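Comments concern the structure below.
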Amino acid sequence: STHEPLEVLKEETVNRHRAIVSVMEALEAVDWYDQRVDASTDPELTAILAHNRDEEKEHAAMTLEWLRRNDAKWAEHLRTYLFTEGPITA
Amino acid sequence: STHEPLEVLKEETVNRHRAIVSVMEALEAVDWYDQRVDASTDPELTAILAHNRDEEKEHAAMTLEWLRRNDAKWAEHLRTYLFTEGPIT
Amino acid sequence: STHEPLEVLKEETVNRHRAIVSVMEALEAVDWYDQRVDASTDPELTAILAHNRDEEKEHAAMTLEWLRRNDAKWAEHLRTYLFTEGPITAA
Amino acid sequence: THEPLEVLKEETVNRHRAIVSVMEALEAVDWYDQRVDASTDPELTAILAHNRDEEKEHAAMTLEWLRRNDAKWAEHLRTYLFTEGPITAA
Amino acid sequence: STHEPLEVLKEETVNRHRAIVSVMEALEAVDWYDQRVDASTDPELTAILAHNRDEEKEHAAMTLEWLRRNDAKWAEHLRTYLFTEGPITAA
Amino acid sequence: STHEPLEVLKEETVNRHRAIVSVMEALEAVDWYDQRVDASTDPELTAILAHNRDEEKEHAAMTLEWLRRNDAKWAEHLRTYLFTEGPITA
Amino acid sequence: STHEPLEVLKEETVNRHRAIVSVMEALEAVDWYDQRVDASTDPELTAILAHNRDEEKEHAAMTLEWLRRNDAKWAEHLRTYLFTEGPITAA
Amino acid sequence: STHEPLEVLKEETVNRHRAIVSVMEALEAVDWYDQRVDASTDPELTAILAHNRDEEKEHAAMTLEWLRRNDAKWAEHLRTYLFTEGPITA
Amino acid sequence: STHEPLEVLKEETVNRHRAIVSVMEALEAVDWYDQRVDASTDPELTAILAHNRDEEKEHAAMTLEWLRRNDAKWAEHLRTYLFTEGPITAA
Amino acid sequence: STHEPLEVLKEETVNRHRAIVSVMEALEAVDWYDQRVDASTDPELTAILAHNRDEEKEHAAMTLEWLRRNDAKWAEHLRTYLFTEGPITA
Ligand SMILES: [Ca+2]
Ligand SMILES: [Ca+2]
């Protein structure tokens with residue numbers, strides 16, 4: 001699943017790889033579930049899709065907190081922008 | 001690029017879609033750049049790859065803050081876990 | 001995501017399409033998470049991946065019950081084979 | 001497999017073989033079902049519907065195997081399958 | 001699902017498209033099921049995979065017979081080569 | 001091209017893999033060539049595409065005969081259904 | 001299958017598209033068949049794969065001749081390099 | 001890039017593979033460039049796309065001549081059909 | 001990942017590979033971000049996406065400069081065409 | 001080939017899209033050609049592959065100049081970094 005051979009990757013790089021792809025997959029799931037909630041024509045199914053969608057957000061947040069704790073620049077950039085006021089850019 | 005016809009998706013759902021796939025691509029970029037930093041055998045290139053990696057992290061954080069401000073569940077779950085000290089589970 | 005024009009598909013066919021891919025999505029997550037749990041060298045991360053892994057199993061089970069309730073043959077085949085003993089073939 | 005088999009347990013690799021099989025049957029059910037709706041030939045429609053329902057059978061068989069070889073599969077399947085009332089309230 | 005717009009495709013062409021991809025997908029399943037039978041280290045799973053494998057062959061055979069009945073060249077070439085003896089390339 | 005490591009696949013299994021994917025590729029070619037025959041607005045091109053289409057059918061039939069001769073249940077199931085009359089679901 | 005919408009593509013451009021991808025698919029088939037001919041351990045199959053391989057070359061040549069006849073730059077460049085002697089880069 | 005392990009493929013088979021996929025790439029570029037020439041609304045870009053397109057045709061022809069010189073059946077079939085007059089089904 | 005085995009590649013060829021794909025991915029992001037800038041209906045998001053778009057151009061430009069310094073024909077062709085007045089098809 | 005419907009994209013954005021993908025595919029060809037040049041064991045093919053490789057570099061440079069002329073931030077960032085000396089990070 002990695003793009004360079006494992007033999008040349010540090011342990012810490014492969015562990016961050018596992019978390020990042022996990023966040024990606026959860027993000028993708030949130031997006032698709034959200035679209036199916038809008039498009040679904042069965043309310044029972046919609047309730048399931050909406051419930052699962054929100055748990056995927058939880059999974060992404062958990063794995064993202066791990067990344068923050070194990071990468072100096074994730075912690076720096078997240079602290080800069082998350083739970084801030086005014087223009088997100090400046 | 002969406003999985004459902006745009007005609008059945010709310011406008012707010014499609015804007016969150018644009019943010020989500022933006023974070024995904026930045027995350028993918030961080031991961032690939034990080035691997036090339038480890039595998040690179042040219043110091044000049046490694047410096048570029050490491051610099052760009054760190055800005056991709058910035059892009060993800062910026063877009064993720066937007067999601068936090070425009071989706072209550074993102075805001076709830078991000079508030080629970082982010083900047084916590086202690087077991088994540 | 002449908003392979004046929006939506007104009008010709010019954011609603012229940014498209015809703016089952018949404019449910020089936022949801023199960024597929026979750027099953028893929030279960031498998032990948034499980035492999036990362038084995039391969040991970042950080043216990044903290046492993047705890048997260050194992051927790052998420054088991055909730056994906058929950059998502060699949062929820063969506064599969066919906067399929068059981070909205071498809072006569074899903075219900076027949078799930079009734080035949082699930083929660084049984086002995087050879088799974090011919091049972 | 002997304003990790004090298006050298007670090008995966010044999011039980012993990014067997015569940016991988018089962019999970020992928022359920023996925024492929026689920027995908028076949030979905031595609032067959034759509035072609036049944038779209039087919040304009042009576043004899044083809046009958047074949048596709050016959051195969052569709054056997055793909056459900058394949059998935060159910062392999063899904064039972066997972067139930068017997070993974071405690072959490074057994075737990076979550078037991079919670080939700082063959083129930084009445086809201087699926088999101090259980 | 002098709003390469004050209006459905007507007008310009010004849011009806012029979014789209015039906016044969018549905019049959020062909022069904023044969024393709026069944027063949028793909030036979031191959032993957034067969035490889036997992038060799039690699040599986042669990043006898044109960046191996047029995048399931050082998051059972052499903054052979055049913056996929058039946059699905060492929062059914063849909064291929066439909067193709068034979070609805071396409072003159074499928075019927076001709078399948079008549080030339082199937083159930084024959086001696087070098088296949090010969091006939 | 002195989003899903004499992006060659007270390008664990010029987011020789012015969014890999015040869016059937018080579019035949020199966022060959023039939024798949026020819027079938028895909030038949031399908032796409034046929035769609036291009038319908039859509040083409042150049043008769044010279046249509047004549048080539050139709051000629052190639054029918055030879056891809058020949059390739060598939062040839063490779064399928066080999067599978068029939070080297071796999072018992074290919075032979076059984078093909079014998080049941082091919083060159084028959086009445087409903088195929090039988 | 002078209003990178004751009006058909007509404008803006010001239011019909012001649014889409015016809016050349018159909019020929020180009022046909023040649024591409026045949027080239028891919030030649031390559032794969034040739035690799036399977038080398039790796040196969042069953043002579044009967046090898047003979048079939050080798051036969052099919054060479055007919056795929058014929059399909060590519062046929063469709064390529066059509067391109068030569070319907071594109072002036074295909075004709076120019078195919079005339080420069082095909083059936084020549086000496087370094088290809090210097091012809 | 002190869003569908004079989006390099007250990008069982010002859011040297012010359014792998015070289016023809018490198019030539020074939022190169023022609024495939026060139027053909028793909030020719031097609032896409034041509035489509036962008038039709039859809040482009042900027043004359044400067046269209047001039048570039050058309051110039052690059054025609055050089056991709058040159059690349060394909062060069063590599064194709066190499067195949068002709070290193071594969072007897074390529075030489076046979078190209079000799080049969082190229083630079084001819086009359087129906088291409090000949 | 002690479003197409004040829006890493007055992008037949010020079011160390012420089014693989015480093016240029018690492019540079020090229022970085023440019024490709026940066027270019028892809030510029031294109032996608034720019035399309036989202038046009039389609040977005042939320043000004044906040046539009047400002048973020050437009051900001052990220054322009055930083056991707058820097059990533060592409062930086063990595064492209066590295067290629068110029070590490071490949072003779074990149075230096076030649078980039079010297080010929082970039083920062084020039086007149087038609088690009090004649091420089 | 002665009003990710004948003006062409007109805008919501010400005011005309012100039014789609015023209016830059018056509019240029020960008022052209023540069024991307026040209027870069028992709030350069031990379032693959034370069035790897036085949038290293039791995040090829042036939043000198044005559046290597047000479048062809050190396051020649052085509054360098055013309056792909058030319059195509060990318062041409063299309064890249066057009067982008068520089070039709071996008072203010074491409075012109076800014078390319079001016080900053082191309083044809084410089086010292087560390088590219090600063
Ligand atoms: Ca997924
Ligand atoms: Ca036009």
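Going by the structure tokens order, chains are called A, B, ..., each with residues numbered from 1, while ligands are numbered from 1 in the order shown.
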
Give the superposed chain G as a short mmCIF file (atom, residue, chain, number, x, y, z; two decimals) with N, CA, C and O atoms, in the first residue's frame, the fit being least squares on chain C over all ordered C-alpha pairs.
data_model
loop_
_atom_site.label_atom_id
_atom_site.label_comp_id
_atom_site.auth_asym_id
_atom_site.auth_seq_id
_atom_site.Cartn_x
_atom_site.Cartn_y
_atom_site.Cartn_z
N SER G 1 -22.53 6.23 -10.25
CA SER G 1 -22.28 5.11 -9.36
C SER G 1 -23.15 3.91 -9.71
O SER G 1 -22.87 2.78 -9.31
N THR G 2 -24.22 4.17 -10.47
CA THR G 2 -25.13 3.12 -10.90
C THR G 2 -24.68 2.59 -12.26
O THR G 2 -24.35 3.37 -13.16
N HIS G 3 -24.67 1.27 -12.40
CA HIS G 3 -24.25 0.65 -13.66
C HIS G 3 -25.20 1.01 -14.79
O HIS G 3 -24.78 1.19 -15.94
N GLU G 4 -26.49 1.10 -14.49
CA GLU G 4 -27.52 1.46 -15.45
C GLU G 4 -28.04 2.87 -15.18
O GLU G 4 -27.93 3.37 -14.05
N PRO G 5 -28.60 3.54 -16.18
CA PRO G 5 -29.16 4.88 -15.95
C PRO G 5 -30.28 4.84 -14.93
O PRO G 5 -31.10 3.91 -14.91
N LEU G 6 -30.33 5.87 -14.07
CA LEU G 6 -31.39 5.96 -13.07
C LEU G 6 -32.77 5.97 -13.71
O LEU G 6 -33.73 5.47 -13.11
N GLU G 7 -32.89 6.52 -14.92
CA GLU G 7 -34.20 6.68 -15.55
C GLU G 7 -34.93 5.35 -15.71
O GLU G 7 -36.16 5.35 -15.83
N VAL G 8 -34.22 4.23 -15.72
CA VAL G 8 -34.82 2.91 -15.91
C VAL G 8 -34.80 2.08 -14.64
O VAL G 8 -35.37 0.98 -14.62
N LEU G 9 -34.20 2.58 -13.57
CA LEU G 9 -34.12 1.84 -12.32
C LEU G 9 -35.26 2.24 -11.40
O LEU G 9 -35.53 3.43 -11.21
N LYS G 10 -35.94 1.24 -10.84
CA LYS G 10 -36.98 1.50 -9.85
C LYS G 10 -36.35 2.06 -8.58
O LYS G 10 -35.21 1.73 -8.22
N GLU G 11 -37.09 2.93 -7.89
CA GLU G 11 -36.52 3.60 -6.73
C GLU G 11 -36.14 2.61 -5.64
O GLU G 11 -35.16 2.84 -4.91
N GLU G 12 -36.87 1.51 -5.51
CA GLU G 12 -36.50 0.49 -4.54
C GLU G 12 -35.15 -0.12 -4.88
O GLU G 12 -34.34 -0.41 -3.99
N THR G 13 -34.88 -0.32 -6.17
CA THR G 13 -33.61 -0.90 -6.58
C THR G 13 -32.44 0.02 -6.25
O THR G 13 -31.37 -0.44 -5.85
N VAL G 14 -32.64 1.33 -6.41
CA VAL G 14 -31.56 2.27 -6.12
C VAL G 14 -31.35 2.39 -4.61
O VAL G 14 -30.23 2.61 -4.16
N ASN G 15 -32.42 2.26 -3.82
CA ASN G 15 -32.25 2.27 -2.37
C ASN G 15 -31.48 1.05 -1.89
O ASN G 15 -30.64 1.15 -0.99
N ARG G 16 -31.78 -0.13 -2.45
CA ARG G 16 -30.98 -1.30 -2.09
C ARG G 16 -29.54 -1.14 -2.56
O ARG G 16 -28.62 -1.62 -1.89
N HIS G 17 -29.34 -0.47 -3.69
CA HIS G 17 -27.99 -0.15 -4.14
C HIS G 17 -27.24 0.66 -3.08
O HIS G 17 -26.09 0.35 -2.75
N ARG G 18 -27.90 1.67 -2.51
CA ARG G 18 -27.24 2.50 -1.50
C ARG G 18 -26.86 1.68 -0.28
O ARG G 18 -25.80 1.91 0.32
N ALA G 19 -27.71 0.73 0.12
CA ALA G 19 -27.39 -0.12 1.26
C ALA G 19 -26.26 -1.10 0.92
O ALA G 19 -25.33 -1.27 1.71
N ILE G 20 -26.32 -1.72 -0.26
CA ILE G 20 -25.32 -2.72 -0.62
C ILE G 20 -23.92 -2.12 -0.65
O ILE G 20 -22.97 -2.71 -0.14
N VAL G 21 -23.77 -0.94 -1.26
CA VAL G 21 -22.44 -0.34 -1.34
C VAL G 21 -21.99 0.13 0.03
O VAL G 21 -20.79 0.13 0.33
N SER G 22 -22.93 0.54 0.88
CA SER G 22 -22.57 0.88 2.25
C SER G 22 -21.99 -0.32 2.98
O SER G 22 -20.97 -0.21 3.68
N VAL G 23 -22.61 -1.49 2.82
CA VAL G 23 -22.07 -2.71 3.41
C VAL G 23 -20.72 -3.04 2.80
O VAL G 23 -19.77 -3.39 3.51
N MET G 24 -20.61 -2.93 1.47
CA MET G 24 -19.33 -3.19 0.82
C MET G 24 -18.22 -2.33 1.41
O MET G 24 -17.15 -2.83 1.76
N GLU G 25 -18.48 -1.02 1.53
CA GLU G 25 -17.46 -0.11 2.03
C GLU G 25 -17.07 -0.45 3.47
O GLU G 25 -15.90 -0.35 3.84
N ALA G 26 -18.04 -0.86 4.29
CA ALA G 26 -17.74 -1.24 5.66
C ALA G 26 -16.91 -2.52 5.71
O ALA G 26 -15.96 -2.62 6.49
N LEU G 27 -17.27 -3.51 4.89
CA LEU G 27 -16.49 -4.74 4.81
C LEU G 27 -15.05 -4.44 4.42
O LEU G 27 -14.11 -4.98 5.01
N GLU G 28 -14.86 -3.58 3.41
CA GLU G 28 -13.52 -3.20 3.00
C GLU G 28 -12.77 -2.52 4.14
O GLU G 28 -11.59 -2.80 4.37
N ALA G 29 -13.45 -1.65 4.88
CA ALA G 29 -12.81 -0.97 6.00
C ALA G 29 -12.42 -1.95 7.10
O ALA G 29 -11.33 -1.84 7.67
N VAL G 30 -13.30 -2.90 7.42
CA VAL G 30 -12.96 -3.92 8.40
C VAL G 30 -11.68 -4.64 7.99
O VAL G 30 -10.75 -4.80 8.79
N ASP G 31 -11.60 -5.05 6.73
CA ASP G 31 -10.45 -5.81 6.26
C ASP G 31 -9.18 -4.98 6.38
O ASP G 31 -8.17 -5.44 6.93
N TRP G 32 -9.21 -3.74 5.88
CA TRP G 32 -8.02 -2.90 5.91
C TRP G 32 -7.63 -2.59 7.35
O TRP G 32 -6.47 -2.76 7.74
N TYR G 33 -8.58 -2.13 8.16
CA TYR G 33 -8.28 -1.89 9.57
C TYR G 33 -7.66 -3.12 10.22
O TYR G 33 -6.67 -3.00 10.96
N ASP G 34 -8.21 -4.30 9.96
CA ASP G 34 -7.68 -5.51 10.58
C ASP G 34 -6.24 -5.76 10.15
O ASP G 34 -5.40 -6.16 10.96
N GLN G 35 -5.93 -5.52 8.88
CA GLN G 35 -4.56 -5.69 8.41
C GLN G 35 -3.64 -4.66 9.05
O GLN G 35 -2.48 -4.98 9.37
N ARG G 36 -4.12 -3.43 9.24
CA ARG G 36 -3.30 -2.41 9.89
C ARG G 36 -3.11 -2.70 11.37
O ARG G 36 -2.07 -2.36 11.93
N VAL G 37 -4.10 -3.33 12.02
CA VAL G 37 -3.94 -3.71 13.43
C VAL G 37 -2.79 -4.70 13.58
O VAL G 37 -2.01 -4.61 14.53
N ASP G 38 -2.69 -5.66 12.66
CA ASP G 38 -1.61 -6.65 12.73
C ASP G 38 -0.25 -6.02 12.47
O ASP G 38 0.74 -6.37 13.12
N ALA G 39 -0.16 -5.09 11.51
CA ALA G 39 1.12 -4.55 11.09
C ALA G 39 1.58 -3.36 11.91
O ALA G 39 2.78 -3.04 11.90
N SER G 40 0.67 -2.67 12.59
CA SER G 40 1.04 -1.47 13.34
C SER G 40 2.05 -1.81 14.44
O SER G 40 1.93 -2.84 15.11
N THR G 41 3.02 -0.92 14.62
CA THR G 41 4.04 -1.05 15.66
C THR G 41 3.89 0.02 16.73
O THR G 41 4.83 0.26 17.50
N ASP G 42 2.75 0.70 16.78
CA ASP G 42 2.45 1.70 17.81
C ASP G 42 1.18 1.28 18.54
O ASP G 42 0.10 1.23 17.92
N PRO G 43 1.24 0.95 19.83
CA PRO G 43 0.04 0.42 20.50
C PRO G 43 -1.15 1.37 20.49
O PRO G 43 -2.28 0.91 20.28
N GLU G 44 -0.94 2.66 20.72
CA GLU G 44 -2.06 3.60 20.74
C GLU G 44 -2.84 3.53 19.43
O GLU G 44 -4.08 3.46 19.44
N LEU G 45 -2.14 3.57 18.30
CA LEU G 45 -2.82 3.49 17.01
C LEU G 45 -3.54 2.16 16.86
O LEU G 45 -4.68 2.12 16.38
N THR G 46 -2.90 1.07 17.27
CA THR G 46 -3.52 -0.24 17.17
C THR G 46 -4.85 -0.28 17.91
O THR G 46 -5.82 -0.89 17.44
N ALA G 47 -4.92 0.36 19.08
CA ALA G 47 -6.17 0.40 19.83
C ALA G 47 -7.23 1.19 19.09
O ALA G 47 -8.41 0.84 19.13
N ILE G 48 -6.83 2.30 18.47
CA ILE G 48 -7.77 3.10 17.68
C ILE G 48 -8.24 2.30 16.47
O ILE G 48 -9.45 2.24 16.18
N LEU G 49 -7.30 1.71 15.73
CA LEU G 49 -7.66 0.95 14.54
C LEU G 49 -8.56 -0.23 14.91
O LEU G 49 -9.48 -0.57 14.16
N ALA G 50 -8.29 -0.87 16.05
CA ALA G 50 -9.11 -1.99 16.48
C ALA G 50 -10.50 -1.54 16.88
O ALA G 50 -11.49 -2.21 16.58
N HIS G 51 -10.60 -0.39 17.55
CA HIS G 51 -11.91 0.15 17.90
C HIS G 51 -12.71 0.49 16.65
O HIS G 51 -13.85 0.05 16.49
N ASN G 52 -12.10 1.25 15.73
CA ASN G 52 -12.80 1.63 14.51
C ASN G 52 -13.20 0.41 13.70
O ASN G 52 -14.29 0.36 13.12
N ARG G 53 -12.32 -0.59 13.64
CA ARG G 53 -12.62 -1.83 12.94
C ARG G 53 -13.95 -2.42 13.40
O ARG G 53 -14.78 -2.82 12.58
N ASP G 54 -14.15 -2.51 14.71
CA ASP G 54 -15.33 -3.20 15.22
C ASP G 54 -16.59 -2.38 15.03
O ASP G 54 -17.68 -2.96 14.86
N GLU G 55 -16.49 -1.05 15.01
CA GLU G 55 -17.67 -0.26 14.68
C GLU G 55 -18.03 -0.39 13.21
O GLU G 55 -19.21 -0.27 12.84
N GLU G 56 -17.04 -0.63 12.34
CA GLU G 56 -17.33 -0.91 10.94
C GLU G 56 -18.12 -2.20 10.78
O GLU G 56 -18.99 -2.30 9.91
N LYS G 57 -17.82 -3.21 11.60
CA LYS G 57 -18.63 -4.42 11.60
C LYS G 57 -20.07 -4.11 11.98
O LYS G 57 -21.01 -4.65 11.39
N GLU G 58 -20.27 -3.22 12.96
CA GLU G 58 -21.61 -2.85 13.37
C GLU G 58 -22.37 -2.18 12.23
O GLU G 58 -23.53 -2.52 11.96
N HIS G 59 -21.73 -1.24 11.54
CA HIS G 59 -22.37 -0.59 10.40
C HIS G 59 -22.81 -1.60 9.36
O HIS G 59 -23.93 -1.53 8.84
N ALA G 60 -21.95 -2.57 9.04
CA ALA G 60 -22.30 -3.58 8.06
C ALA G 60 -23.50 -4.39 8.53
O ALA G 60 -24.42 -4.66 7.74
N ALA G 61 -23.52 -4.78 9.81
CA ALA G 61 -24.64 -5.56 10.33
C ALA G 61 -25.94 -4.77 10.28
O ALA G 61 -26.98 -5.29 9.87
N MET G 62 -25.90 -3.50 10.69
CA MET G 62 -27.09 -2.66 10.67
C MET G 62 -27.67 -2.55 9.26
O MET G 62 -28.86 -2.79 9.04
N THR G 63 -26.84 -2.15 8.29
CA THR G 63 -27.32 -1.99 6.93
C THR G 63 -27.75 -3.32 6.34
O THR G 63 -28.65 -3.37 5.50
N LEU G 64 -27.12 -4.41 6.77
CA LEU G 64 -27.50 -5.73 6.27
C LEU G 64 -28.86 -6.16 6.80
O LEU G 64 -29.62 -6.82 6.10
N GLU G 65 -29.19 -5.79 8.04
CA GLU G 65 -30.51 -6.07 8.57
C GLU G 65 -31.58 -5.35 7.76
O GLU G 65 -32.68 -5.87 7.55
N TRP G 66 -31.28 -4.12 7.32
CA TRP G 66 -32.20 -3.40 6.45
C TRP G 66 -32.43 -4.18 5.16
O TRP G 66 -33.57 -4.33 4.70
N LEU G 67 -31.36 -4.70 4.56
CA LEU G 67 -31.49 -5.52 3.36
C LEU G 67 -32.36 -6.74 3.62
O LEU G 67 -33.20 -7.11 2.80
N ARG G 68 -32.16 -7.38 4.77
CA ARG G 68 -32.96 -8.56 5.11
C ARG G 68 -34.44 -8.21 5.15
O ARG G 68 -35.29 -9.02 4.76
N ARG G 69 -34.77 -7.01 5.63
CA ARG G 69 -36.16 -6.60 5.75
C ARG G 69 -36.78 -6.11 4.45
O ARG G 69 -38.01 -6.04 4.36
N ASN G 70 -35.97 -5.80 3.43
CA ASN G 70 -36.48 -5.22 2.19
C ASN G 70 -36.12 -6.06 0.97
O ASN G 70 -36.12 -5.55 -0.16
N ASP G 71 -35.81 -7.33 1.16
CA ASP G 71 -35.52 -8.23 0.04
C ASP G 71 -35.80 -9.64 0.52
O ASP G 71 -35.12 -10.13 1.43
N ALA G 72 -36.78 -10.30 -0.10
CA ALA G 72 -37.22 -11.59 0.40
C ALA G 72 -36.13 -12.64 0.29
O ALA G 72 -36.03 -13.52 1.15
N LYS G 73 -35.29 -12.56 -0.74
CA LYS G 73 -34.25 -13.56 -0.91
C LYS G 73 -33.07 -13.32 0.03
O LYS G 73 -32.38 -14.27 0.40
N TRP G 74 -32.82 -12.07 0.43
CA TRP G 74 -31.85 -11.84 1.50
C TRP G 74 -32.33 -12.49 2.79
O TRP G 74 -31.55 -13.15 3.48
N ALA G 75 -33.61 -12.33 3.11
CA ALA G 75 -34.16 -12.92 4.32
C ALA G 75 -34.09 -14.44 4.27
O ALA G 75 -33.74 -15.08 5.27
N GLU G 76 -34.43 -15.03 3.13
CA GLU G 76 -34.40 -16.48 3.01
C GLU G 76 -32.99 -17.01 3.23
O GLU G 76 -32.77 -17.90 4.06
N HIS G 77 -32.01 -16.47 2.50
CA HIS G 77 -30.66 -17.01 2.56
C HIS G 77 -29.96 -16.66 3.87
O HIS G 77 -29.20 -17.47 4.40
N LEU G 78 -30.18 -15.46 4.41
CA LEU G 78 -29.60 -15.13 5.70
C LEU G 78 -30.17 -16.01 6.81
O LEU G 78 -29.47 -16.32 7.78
N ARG G 79 -31.43 -16.43 6.68
CA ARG G 79 -32.04 -17.30 7.68
C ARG G 79 -31.47 -18.71 7.60
O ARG G 79 -31.31 -19.37 8.64
N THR G 80 -31.15 -19.18 6.40
CA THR G 80 -30.64 -20.54 6.23
C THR G 80 -29.29 -20.73 6.92
O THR G 80 -29.05 -21.75 7.56
N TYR G 81 -28.40 -19.74 6.79
CA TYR G 81 -26.99 -19.94 7.06
C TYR G 81 -26.50 -19.27 8.34
O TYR G 81 -25.55 -19.77 8.95
N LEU G 82 -27.10 -18.17 8.75
CA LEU G 82 -26.59 -17.45 9.91
C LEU G 82 -27.07 -18.11 11.19
O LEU G 82 -28.22 -18.55 11.30
N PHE G 83 -26.17 -18.18 12.17
CA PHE G 83 -26.47 -18.77 13.47
C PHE G 83 -26.86 -20.23 13.30
O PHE G 83 -27.91 -20.68 13.76
N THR G 84 -26.00 -20.98 12.63
CA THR G 84 -26.20 -22.39 12.38
C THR G 84 -24.98 -23.15 12.86
O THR G 84 -23.94 -22.57 13.19
N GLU G 85 -25.11 -24.48 12.91
CA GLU G 85 -24.03 -25.36 13.31
C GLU G 85 -23.86 -26.44 12.25
O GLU G 85 -24.80 -26.77 11.53
N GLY G 86 -22.65 -26.97 12.15
CA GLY G 86 -22.34 -27.96 11.15
C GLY G 86 -21.86 -27.32 9.86
O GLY G 86 -21.76 -26.10 9.75
N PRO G 87 -21.54 -28.15 8.87
CA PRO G 87 -20.98 -27.61 7.62
C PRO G 87 -21.89 -26.55 7.02
O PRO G 87 -23.10 -26.73 6.92
N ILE G 88 -21.28 -25.43 6.62
CA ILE G 88 -22.03 -24.33 6.04
C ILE G 88 -22.53 -24.70 4.65
O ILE G 88 -23.67 -24.37 4.28
N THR G 89 -21.71 -25.39 3.87
CA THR G 89 -22.13 -25.83 2.55
C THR G 89 -23.31 -26.80 2.61
O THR G 89 -23.99 -26.99 1.60
N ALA G 90 -23.55 -27.42 3.77
CA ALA G 90 -24.62 -28.40 3.90
C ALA G 90 -25.67 -27.96 4.92
O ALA G 90 -26.05 -28.73 5.80
N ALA G 91 -26.15 -26.72 4.81
CA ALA G 91 -27.23 -26.22 5.66
C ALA G 91 -28.36 -25.62 4.82
O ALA G 91 -29.04 -26.33 4.08
#

- Query: Excluding same-chain residues fewer than 4 positions from stretch 28-36 of chain H, what lies within 6 Å of it counting only C-alpha atoms, as a PyMOL selection string?
  - Reply: (chain G and resi 17) or (chain H and resi 40+49+53+56)

Run DSSP on the backbone and grab whatever in chain H lands in helix (DSSP H, G or I); send it over as an MDAnalysis selection string. chainID H and resid 11:39 43:69 72:81

request  = Give me, as JSON, numbers by chain, the contact residues of chain D against chain C at a cut-off of 9 Å, counting only C-alpha atoms.
outcome  = {"D": [1, 2, 3, 4, 7, 8, 9, 12, 13, 15, 16, 19, 20, 22, 23, 24, 26, 27, 29, 30, 31, 33, 34, 35, 37, 38, 53, 54, 56, 57, 58, 59, 60, 61, 62, 63, 64, 65, 67, 68, 72, 73, 74, 75, 76, 77, 78, 79, 80, 81, 82, 83, 87, 88]}

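Reported to one decimal place, the separation of atom CA of residue D:11 from atom CA of residue F:12 is 26.0 Å.
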
Exercise for the section: Do me a favour and pick out the residues of chain B within 10 Å of chain J, using only C-alpha atoms, as a count of residues only. Expected result: 12

In Å and to one decimal, atom CA of residue B:68 is distant from atom CA of residue A:44 by 27.4 Å

Within 7 Å of residue A:59, counting only C-alpha atoms, which residues show up once you throw out same-chain ones fewer than 4 positions away? Write them as JSON, numbers by chain, please.
{"A": [26, 55, 63], "C": [52]}
